[PDB]
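Here is the structure we will look at, set down as structure tokens.
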Amino acid sequence: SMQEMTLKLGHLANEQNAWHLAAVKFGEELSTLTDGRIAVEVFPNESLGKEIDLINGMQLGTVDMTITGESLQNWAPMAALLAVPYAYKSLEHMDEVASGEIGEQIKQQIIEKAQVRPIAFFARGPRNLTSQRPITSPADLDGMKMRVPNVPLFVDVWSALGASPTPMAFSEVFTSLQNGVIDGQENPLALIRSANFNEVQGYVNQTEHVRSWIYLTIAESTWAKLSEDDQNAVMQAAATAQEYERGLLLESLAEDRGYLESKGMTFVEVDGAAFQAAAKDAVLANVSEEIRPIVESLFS
Ligand SMILES: O=C(O)[C@@H](O)[C@@H](O)[C@H](O)[C@H](O)CO
């Protein structure tokens, strides 16, 4: 019937990735729930803008939605808790934290300090370090140039481990690797696949150094303009999308390693104890006082 608005939703994954399918599902559900009054347009591959630029856009009123996680720590320090190295044990553990009182505090700080509102969370597979030569322990890094996302805690940890990390937008990584500006990066298998890093990296080192969740978010200024009924529809659509997305994540766990191996990547077993000990020390040396007690709890 009527179409009142179109929400623009940007993310960094490609069209086969769980996040994209979930974003599309969110849009379908929201359209149904609002009789088409609210449409969603999904922009994959950072085509709407790079993550940090989208967060700024949401604050300014030019972007409606994005999928964002621990890069929010640049505004809301508690958001670093989404992705503390070696802190979370499993999907079930992260679900408990993200949905519990600590998760509520994180959500509220993101709303207040970043002016974006989490409406769903997606748990992720573990991040792994990719490289041009095998990296079996921190001692192998030896100053290796690598990319991290715009996450100060990751700069701190990877520098302490012996690498030379540089923050960069996700969509810049492939070309930077191709051109030899960096030799490695780190991400879950789903994103290594999404961005075709198999074409520019030889090794997946099984560091499994971060298990994290990420948020589907809406600009607080967009949320504020919605009627209570439409707010409810947004939440309902997001919950449906979250349930759907978890299934897609689980499917990806069964397939992505095999896929990447079929594209020539070599998976490398690491000295997990050495990585974990060095990374936990680095986290504790660099963690904000605000979240230190929670991190110590997780590490206990
Ligand atoms: O490497 C990346 O850019 C991605 O994995 C992001 O999802 C990243 O985790 C961001 O920091 C999330 O806010």
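Count begins at 1; order follows the chain as displayed.
Header lists the method as X-ray crystallography, 1.3 Å.
Just so you know, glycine gets a Cβ as well, placed from its N, Cα and C.
In Swiss-Prot this protein carries:
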BINDING   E51, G69, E70, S71, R124, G125, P126, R127, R147, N187  L-galactonate binding site
BINDING   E51, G69, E70, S71, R124, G125, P126, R127, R147, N187  D-mannonate binding site
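Residues listed for D-mannonate, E51, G69, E70, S71, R124, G125, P126, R127, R147, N187, cover a largest CA to CA span of 20 Å. Close contacts with ligand 1, defined as a Cβ under 6 Å from any of its atoms, occur at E70 among the binding-site residues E70, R124, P126, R147.
Around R147 (L-galactonate binding site), taking its Cβ as the centre, 24 other Cβ atoms fall within 10 Å, counting all chains. The Cβ of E70 (L-galactonate binding site) lies under 8 Å from the Cβ of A79, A80, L82, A83, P149, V151, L153, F154, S212, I214, each of these being in the same chain and 6 or more residues away along the sequence. The least crowded of the binding-site residues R124, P126, judged by other CB atoms within 10 A of its own CB, is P126.
In three-state terms derived from DSSP, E51 (L-galactonate binding site) belongs to a helical segment. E51 (L-galactonate binding site) has a Cβ environment of 22 other Cβ atoms inside 10 Å.
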